[PDB]
Amino acid sequence: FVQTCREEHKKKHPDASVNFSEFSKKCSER
DNA sequence: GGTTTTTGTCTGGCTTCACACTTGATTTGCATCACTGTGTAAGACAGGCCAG
């Protein structure tokens with residue numbers, strides 16, 4: 001799932017390179 | 001069902017090779033040479049059963 005989540009968020013966060021720990025937490029929380 | 005494991009996910013900044021291009025003198029790869037001895041089998045041949 002995590003790849004798809006991050007791919008969707010590529011536009012959600014306009015140009016940010018997101019953290020590993022926090023992105024894990026977010027994909028986890030959904 | 002809980003309790004245990006495998007195997008993924010997301011980045012980048014890292015380390016470690018391969019490739020890039022040239023020249024010409026080495027080094028390798030590979031097929032070939034000339035050549036007889038040896039096995040195999042295509043011949044020839046004397047031989048002996050038997051009939052006129």
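Residue numbers in this text run from 1 along the chain shown.
Placement of Cβ uses the backbone N, Cα and C atoms for every residue, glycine included.
The number of other CB atoms found within 10 A of the CB of A:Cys5 (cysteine sulfonic acid (-SO3H)), across every protein chain shown, is 13. DSSP gives A:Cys5 (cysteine sulfonic acid (-SO3H)) a helix state. The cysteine sulfonic acid (-SO3H) feature in Swiss-Prot is assigned to A:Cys5 (among others); the stated evidence is similarity to another entry.
Summarising the annotation, Swiss-Prot assigns disulfide bond to A:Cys5-A:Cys27.
If you look up Swiss-Prot, you'll see A:9-25 marked as motif 'Nuclear localization signal (NLS) 1'.
Sequence-distant neighbours of A:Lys10 (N6-acetyllysine) (same chain, 6+ residues apart, CB-CB distance under 8 A): none. Annotation comment: Swiss-Prot describes A:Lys10 (among others) as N6-acetyllysine, evidence class similarity to another entry.
Within the same chain, no residue at least 6 positions away in sequence has its Cβ under 8 Å from that of A:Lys11 (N6-acetyllysine). Summarising the annotation, Swiss-Prot assigns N6-acetyllysine to A:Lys11 (among others) and lists similarity to another entry as the type of evidence.
As annotated by Swiss-Prot, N6-acetyllysine applies to A:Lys12 (among others). Long-range neighbours of A:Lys12 (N6-acetyllysine) (same chain, six or more residues apart, CB within less than 8 Å of its CB): none.
The phosphoserine annotation in Swiss-Prot covers A:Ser17, and the record cites a large-scale study or a structure entry as its basis. A simple way to gauge crowding: the CB of A:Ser17 (phosphoserine) has 5 other CB atoms within 10 angstroms, across all the protein chains here. According to DSSP, A:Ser17 (phosphoserine) is assigned to coil rather than to any helix or strand.
The Cβ neighbour count for A:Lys25 (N6-acetyllysine), using a 10 Å radius and every protein chain shown, is 10. Look at A:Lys25 (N6-acetyllysine): DSSP puts it in a helix. The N6-acetyllysine annotation in Swiss-Prot covers A:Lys25 (among others) and rests on similarity to another entry.
All chains included, 15 other C-beta atoms sit within 10 angstroms of the C-beta of A:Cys27 (disulfide bond). What Swiss-Prot records for A:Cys27 (among others) is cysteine sulfonic acid (-SO3H), and it gives similarity to another entry as the kind of evidence.
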How many whole Å apart are the CA atoms of A:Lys25 (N6-acetyllysine) and A:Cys5 (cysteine sulfonic acid (-SO3H))? 12
